[PDB]
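Take a look at the structure below.
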Amino acid sequence: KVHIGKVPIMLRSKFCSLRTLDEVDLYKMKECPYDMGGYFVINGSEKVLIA
Amino acid sequence: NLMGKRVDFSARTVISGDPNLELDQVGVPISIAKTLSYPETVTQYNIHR
Amino acid sequence: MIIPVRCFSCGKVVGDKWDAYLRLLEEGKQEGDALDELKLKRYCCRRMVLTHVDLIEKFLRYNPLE
Amino acid sequence: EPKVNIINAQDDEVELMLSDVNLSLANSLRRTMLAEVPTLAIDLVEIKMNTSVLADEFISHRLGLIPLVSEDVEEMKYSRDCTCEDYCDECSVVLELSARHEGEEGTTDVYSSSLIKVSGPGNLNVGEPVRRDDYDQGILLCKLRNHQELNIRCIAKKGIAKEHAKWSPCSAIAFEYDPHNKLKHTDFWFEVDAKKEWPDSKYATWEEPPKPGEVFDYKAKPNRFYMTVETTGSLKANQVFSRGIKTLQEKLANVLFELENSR
Amino acid sequence: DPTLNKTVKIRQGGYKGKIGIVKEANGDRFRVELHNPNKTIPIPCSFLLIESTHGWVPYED
Amino acid sequence: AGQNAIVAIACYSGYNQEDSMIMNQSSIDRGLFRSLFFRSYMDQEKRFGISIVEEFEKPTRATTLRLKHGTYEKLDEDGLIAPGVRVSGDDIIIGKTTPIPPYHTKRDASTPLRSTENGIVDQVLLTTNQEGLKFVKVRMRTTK
Amino acid sequence: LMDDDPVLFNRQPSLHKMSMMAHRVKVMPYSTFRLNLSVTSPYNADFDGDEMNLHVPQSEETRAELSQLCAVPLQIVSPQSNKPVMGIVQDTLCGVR
Amino acid sequence: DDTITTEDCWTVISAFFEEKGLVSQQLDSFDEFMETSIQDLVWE
Amino acid sequence: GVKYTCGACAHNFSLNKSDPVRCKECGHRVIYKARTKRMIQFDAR
Amino acid sequence: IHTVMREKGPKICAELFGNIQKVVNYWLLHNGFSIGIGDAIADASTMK
RNA sequence: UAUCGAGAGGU
Ligand SMILES: Nc1ncnc2c1ncn2[C@@H]1O[C@H](COP(=O)(O)CP(=O)(O)OP(=O)(O)O)[C@@H](O)[C@H]1O
Ligand SMILES: [Mg+2]
Ligand SMILES: [Zn+2]
Ligand SMILES: [Zn+2]
Ligand SMILES: [Zn+2]
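Chains A, B, C, D, E, F, G, H, I and J, in that order, are what the protein sequence lines are.
Per the working numbering, the first sequence starts with residue 77, numbered consecutively.
Per the working numbering, the second sequence starts with residue 968, numbered consecutively.
Per the working numbering, the third sequence starts with residue 3, numbered consecutively.
Per the working numbering, the fourth sequence starts with residue 128, numbered consecutively.
Per the working numbering, the fifth sequence starts with residue 175, numbered consecutively.
Per the working numbering, the sixth sequence starts with residue 31, numbered consecutively.
Per the working numbering, the seventh sequence starts with residue 217, numbered consecutively.
Per the working numbering, the eighth sequence starts with residue 7, numbered consecutively.
Per the working numbering, the ninth sequence starts with residue 15, numbered consecutively.
Per the working numbering, the tenth sequence starts with residue 3, numbered consecutively.
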């Protein structure tokens, strides 16, 4: 298991820690239920990829 | 830098219409009128002013 | 965000009618009739209640920060 | 020569016909009631605690809009004309509000009825937040959740709507004249037939329609002005109309004084 | 000057009852930074109360 | 993202020609199209050597050179302003110093409120960054 | 800056000489520059977000060039087509009919 | 049976967004990268 | 010295600038300044 | 406008705009003018 | 009170 690097996770994807939780715990994580993801967080900044 | 350049004593803001201004007037916000200036030479006729 | 105190256009107080308006809708009244019962006669005043969105209910879900 | 006919009346609105006056006088009365009849309203908010989700000035703006009992406000002074430092008991009413939500569940709705008068120019009837009934909670101000608190001290002052619309005792003022357009002051837009396409005045039955032969009376002037004065409860509708007349008088009186002093 | 940056209450004028801070007190005419709207106003020093150990004290602080 | 305005399409006083518009001042007084505005300022301490790090503090004039021209009197001892305090342009909201290489030993690195802005301090975050040095955000609120 | 000071007023793009004309200052409250509606045409200005630029002459000689050569009334007729570049517009033109 | 109405068409469209939302072309694309593409790229 | 509040558990506490930046109660390293001692006034307009 | 400029010079011609504006804008303030959806509607015969 | 870039915008 040698570590080769870190990959930024797209929010609300299957590999995001937010995909489960459900509105109750979304509010506890300070996350807005209207926020549908599809972007990354890099040094605190929300980055979206343009097709 | 030579055929054109940035200059002092300049200003810029949003424009509005005024039915109660003469054709050759421009209404200037007070804050702009207090930042800009004109160097008037002091003579006997304007020293009090 | 929360029901406005006054109608923007005429000034009539509408901030005391939000609970009564929601109650009339639970009782099965249609929106137009509920507004009629509340004596909201001018359409400026009707717009205030009919199109308000109560966002403060959303903001309250965020566990207080003190 | 001025004539008045009260069509209907209740606490917060008076419907009436005004006649044998000039259009300009009916209109100046309309404007005065909207803009210059004093009332009392919160104008300074001391926030000692606000842990609600609403911003301090968001709440302060709503507070200013809460209608307060202004019946005796004419005997009350303006802050800018009072000899005291800061505010005081002769030129302001002090109200206080304190809300809190105890319990780990539910929401506490804070209403204008929780505003408690603390001082004021006794024993003048000024400063109580207007109520519809006795069971009336009044105007919704804020909402609180577990541990959220609101603790404010409000200074209410005499003012007029020229300064801020919160001091207006009215809401709308309905106002019209010549319901059959005999004066020809408006020229109606139409597709096919102007009479069928434009609705009737609610005072159409108060004047008689023009006869099909009738020639145009080019000397007639507007003379009957139907108006309805609604209020917010800070003043009763009859009070607004009466004080409107009074206020317009003092304004003309002050002009007359200044002319008789320029001599 | 000993009253710069110190909190102030206004006792005369159109701004009576409002909080502020002495931003500049060159002489006689002070500049108070009002709290309530985002504006710094010109006001005479006679019009101000300054906060001190006991309550709001006129310009004897 | 908007409001239902009561709109007249009319020539009134000529103050709405060529795509301007007349707005009701009383509606504005009652809250029409009023909005909150928020700006956050971020700063963090930087490391320049083994024991040479920047420091959040209220810098004393005797020991620090090139102080900003704005007021430092709204800063607390932690170098940060507190929520509830009114701020104007060029007021210092984050006090920070940098040491001078080899009394009077530090250099000012403070953050003033943007000169064209004003408002009230809304919230102040204090934390550490990935490298362990201090990290702050100051949010200012005003109403437009 | 004070009332009746001459200043050079300008909207980009500066396509021709009446894109830069000298106006008389009137100091006013609120934060916009105010224009008489009849000068919108040579500036191609309107009020949907347009901004305009103002320049202040710094001497007796440059003030006089503005007031005696560039002033708005001197510019009413343009050499481009031997005809005016300003007229009655919008409310005033609708209303005068 | 009967005819499919306009309201039924909006019933279908609601079902689309109920399943897919508005950003599913972003999320599904990234999910395939984590599930498979990294592994396949290493084995290239 | 200066009052703070933990961004996670809402505990209130003070720090004398030299203390490490964390909450004494839960050890959270994201904290927020408590409100000013100063009085706040608004014009309710 | 062209004629007043040639006949009276730039000062008078500049006042002309203000004079015309102040009379007409007053009259129009008290006469009114609008436009609505109705002004796009031709009658049923013309549509046919 | 930095420099070099990039991106999004205003008329
Ligand atoms: N990209 C650009 N480059 C240069 N000038 C531009 C520009 N975009 C806009 N402008 C300037 O702004 C003008 C555009 O005005 P607009 O407000 O965009 C359209 P209009 O033709 O005045 O009105 P309309 O909206 O009634 O069609 C141009 O004529 C030019 O003066
Ligand atoms: Mg434009
Ligand atoms: Zn209304
Ligand atoms: Zn008093
Ligand atoms: Zn904690």
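Note that CB positions come from ideal geometry on N, CA and C, so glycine has one too.
Report the residue from D:376, D:371, D:361 whose alpha carbon sits nearest the alpha carbon of residue 255 of chain D. Numbered from 1 along the fourth sequence, position 128 holds the residue referred to as residue 255 of chain D. Answer by Cα proximity: D:361.
Which residues of the segment 972-986 of chain B have a Cβ closer than 8 Å to any Cβ of chain G? Give them in chain order. 974, 976, 977, 978, 979, 980, 981, 982, 983, 984, 985, 986
Neighbour flag for residue 188 of chain D against chain F, beta carbons, 8 Å: Here residue 188 of chain D corresponds to residue number 61 of the fourth sequence, with the count starting at 1. So yes, residue 188 of chain D belongs to the interface.
Could you tell me the alpha carbon to alpha carbon distance between residue 357 of chain D and residue 367 of chain D, rounded to whole angstroms? Position 230 of the fourth sequence, counted from the start, is the residue given in the question as residue 357 of chain D. Position 240 of the fourth sequence, counted from the start, is the residue given in the question as residue 367 of chain D. Using only the alpha carbons, I get a separation of about 9 Å.
Three-pair Cβ contact test at 8 Å for the segment 94-103 of chain A versus the segment 51-58 of chain C: no
May I ask you to check if the CB of residue 265 of chain G is nearer than 7 Å to at least one heavy atom of ligand 2? Residue numbering aside, residue 265 of chain G sits at position 49 when the seventh sequence is read from its first letter. True, at least one ligand heavy atom lies under 7 Å from that Cβ.
For residue 26 of chain I, does the three-state DSSP call read helix, strand or coil? By 1-based counting over the ninth sequence, the position of residue 26 of chain I is 12. In the structure shown, residue 26 of chain I sits in a strand (DSSP, three-state: E or B).
Using a Cβ-Cβ distance under 8 Å, would residue 67 of chain C count as near chain I? For the purposes of this step, residue 67 of chain C is taken as the residue at position 65 of the third sequence. Yes, its Cβ sits closer than 8 Å to a Cβ of chain I.
For residue 72 of chain F and residue 123 of chain A, what's the separation of their Cα atoms in angstroms? What you label residue 72 of chain F is simply residue 42 of the sixth sequence in a count that begins at 1. What you label residue 123 of chain A is simply residue 47 of the first sequence in a count that begins at 1. Between residue 72 of chain F and residue 123 of chain A, the C-alpha separation is close to 18 Å.
Does the segment 140-155 of chain F come close enough to the segment 117-126 of chain F to have 3 or more Cβ pairs within less than 8 Å? yes
Out of F:40, F:93, F:134, F:127, state which residue places its alpha-carbon closest to the alpha-carbon of residue 164 of chain F. Within the sixth sequence, the letter at position 134 stands for residue 164 of chain F. The shortest Cα separation from residue 164 of chain F among F:40, F:93, F:134, F:127 belongs to F:127.
By the DSSP assignment, the beta strand (DSSP E) with residue 198 of chain E in it spans what residues? Numbered from its first residue, the fifth sequence carries residue 198 of chain E at position 24. Residues 193-201.
Is it buried or exposed, residue 53 of chain F, if we count other Cβ atoms within 10 angstroms and call 16 or more buried? The sequence position of residue 53 of chain F within the sixth sequence is 23, counting from 1. With fewer than 16 other Cβ atoms within 10 Å, it is exposed.
Nearest to residue 197 of chain D (by Cα), restricted to the options D:215, D:180, D:164, D:278: As a first step, residue 197 of chain D is located in the fourth sequence; it is residue number 70 there, counting from the start. It is D:164 whose Cα lies nearest to the Cα of residue 197 of chain D.
Test: residue 179 of chain E CB closer than 8 Å to a CB of chain F: Numbered from 1 along the fifth sequence, position 5 holds the residue referred to as residue 179 of chain E. Judged by the 8 Å Cβ criterion, residue 179 of chain E is in contact with chain F.
Which partner residues does residue 183 of chain E have in the DSSP bridge list? As a first step, residue 183 of chain E is located in the fifth sequence; it is residue number 9 there, counting from the start. Looking at the DSSP assignment, residue 183 of chain E forms a beta bridge with E:193, E:223.
Residues with a Cβ closer than 6 Å to any heavy atom of ligand 5, in chain order? I:20, I:22, I:23, I:25, I:37, I:39, I:40, I:42
Can you tell me whether residue 40 of chain I is buried or exposed? The criterion is at least 16 other CB atoms within 10 Å of its CB, across all chains shown. As a working mapping, residue 40 of chain I is identified with position 26 in the ninth sequence. Per the 10 Å Cβ criterion, exposed.
At what residues does the beta strand (DSSP E) containing residue 216 of chain E begin and finish? As a first step, residue 216 of chain E is located in the fifth sequence; it is residue number 42 there, counting from the start. Where residue 216 of chain E is concerned, the enclosing beta strand (DSSP E) stretches over 214-218.
Any non-hydrogen atom of ligand 1 within 7 Å of residue 262 of chain G CB: Looking up residue 262 of chain G in the seventh sequence gives position 46. Yes, ligand 1 has a heavy atom inside 7 Å of this Cβ.
Is there at least one Cβ from chain F nearer than 8 Å to residue 13 of chain C's Cβ? The residue given as residue 13 of chain C occupies position 11 in the third sequence. Chain F contact via Cβ: present.
Between the Cα of residue 35 of chain H and the Cα atoms of A:111, A:88, A:117, A:81, which residue gives the shortest distance? Within the eighth sequence, numbered from 1, the residue matching residue 35 of chain H stands at position 29. Ranking the options by Cα distance to residue 35 of chain H, first place goes to A:88.
Within 7 Å of chain E by C-beta, residues of the segment 202-216 of chain D in sequence order: 206, 207, 212, 213, 214
Quick one: residues in its chain with C-beta nearer than 6 Å to the C-beta of residue 264 of chain D, no 5 flanking neighbours on either side, listed in chain order? Position 137 of the fourth sequence, counted from the first residue, corresponds to residue 264 of chain D. Correct list, in chain order: 238, 240.
Cβ separation of residue 189 of chain D and residue 7 of chain C, assumed to be a contact under 8 Å, to the nearest whole Å: Start at 1 with the first residue of the fourth sequence, and residue 189 of chain D comes out as number 62. Start at 1 with the first residue of the third sequence, and residue 7 of chain C comes out as number 5. 5 Å between Cβ atoms; contact.
Chain D contact residues for residue 62 of chain F, given Cβ-Cβ distances below 9 Å: Numbered from 1 along the sixth sequence, position 32 holds the residue referred to as residue 62 of chain F. Those within 9 Å of residue 62 of chain F in chain D number zero; the least Cβ separation is about 10 Å.
Would you identify the three-state DSSP class for residue 9 of chain J, choosing helix, strand or coil? Within the tenth sequence, the letter at position 7 stands for residue 9 of chain J. Correct three-state label for residue 9 of chain J: helix.
So, is the C-beta of residue 122 of chain F closer than 8 Å to a C-beta in chain J? As a working mapping, residue 122 of chain F is identified with position 92 in the sixth sequence. It does not: the Cβ of residue 122 of chain F has no partner Cβ on chain J nearer than 8 Å.
According to DSSP, is residue 74 of chain F helix, strand or coil? In the sixth sequence, the residue the question calls residue 74 of chain F occupies position 44. In the structure shown, residue 74 of chain F sits in a strand (DSSP, three-state: E or B).
Measure from the alpha carbon of residue 230 of chain D to the alpha carbon of each residue in D:297, D:193, D:276, D:342, then state which is nearest. For the purposes of this step, residue 230 of chain D is identified with residue 103 of the fourth sequence, where counting begins at 1. It is D:276.
Stretch pair the segment 975-990 of chain B + the segment 20-40 of chain J: three plus CB contacts closer than 8 Å: yes
In terms of residues, what are the limits of the alpha helix (DSSP H) holding residue 19 of chain C? Indexing the third sequence from 1 puts residue 19 of chain C at position 17. Here residue 19 of chain C belongs to no alpha helix (DSSP H), and DSSP marks it neither H nor E.
Between the Cα of residue 331 of chain D and those of D:309, D:167, D:314, spot the shortest distance and give me the residue it belongs to. Position 204 of the fourth sequence, counted from the start, is the residue given in the question as residue 331 of chain D. Considering only alpha carbons, the answer is D:309.
What are the uninterrupted segments assigned as beta strand (DSSP E) that are 3 or more residues long and contained completely in the segment 325-370 of chain D, given in chain order? 351-358
Please classify residue 50 of chain J: does DSSP put it in a helix, a strand, or coil? Here the question's residue 50 of chain J lines up with position 48 in the tenth sequence. It is coil, neither helix nor strand.
Give me the chain D residues within the contact set of residue 43 of chain I, using Cβ-Cβ distance strictly less than 7 Å, ordered along the chain. By 1-based counting over the ninth sequence, the position of residue 43 of chain I is 29. Per Cβ cutoff of 7 Å: no residues; residue 43 of chain I is ~23 Å from chain D at best.
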